[PDB]
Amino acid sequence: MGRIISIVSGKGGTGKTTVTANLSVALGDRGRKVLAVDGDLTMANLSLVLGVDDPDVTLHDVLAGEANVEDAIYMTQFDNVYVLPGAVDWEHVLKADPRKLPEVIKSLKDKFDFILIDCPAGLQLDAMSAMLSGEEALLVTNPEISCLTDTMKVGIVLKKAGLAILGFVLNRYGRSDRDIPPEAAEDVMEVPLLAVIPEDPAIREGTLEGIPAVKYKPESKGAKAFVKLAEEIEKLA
């Protein structure tokens, strides 16, 4: 295949990393070879959430012209799920040219069915460099108003950029009484509502565990909701 999807959001604290990880494990669970990429150069976190603790070679090394991206790809405890991890030390952050992300990531378009990029929130250089590395985009958002709005903005900036907006994800729903319902928030974003990820403590349990919820606690609500998302994402092709 070769679908490079960018997991993005306009605000933050929305659950981009959670989505990237659970979705990855979900797709890989359906026989799809997937590469989870950590595009948050300033605060690497994706690999940790995926159980890959101390990688020697990271995306930062590659973006610094220090290593070939092929040596920054690691196996994870999950089937068909590989990760392109990011370093955390400051020096690495500095020497990592975010502008090379698109060329680096797209050079992997033929070795995976899906390349899911975890993108840092915002429109700054790092965020932009990351989001603009994908061909498709998955908007992640919370049932908040200021959130649903910004995220929507970002959707267009990327649509104008040439990325195909696949739709959004309403994450954390059922967290508050004042949470915007589904269809409502749907005819607001103005893009298909691909899935509703409930506020489930199980998702947080998976995070700390280093084993995405969809796999760690299979029967949980969050787990099932992500498996469906997997189906919805696959259908879009």
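Each residue number is its position in the shown sequence, starting from 1.
As the entry records it, the average C-alpha temperature factor is higher for 140-148, out of 160-168 and 140-148. The PDB entry records a higher mean C-alpha B factor for 179-187 than for its counterpart among 31-39 and 179-187.
Per the PDB record, residue ranking by Cα B-factor puts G210 in the lowest third of the chain.
Sort the modelled residues of the chain by CA B factor and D79 lands in the middle third. Annotation for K153: CA B-factor lies in the highest third of the chain's modelled residues. Ranked within its chain, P120 lands in the middle third, by CA B factor from the PDB record. When the modelled residues of the chain are ordered by their C-alpha B factor, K11 lands in the highest third.
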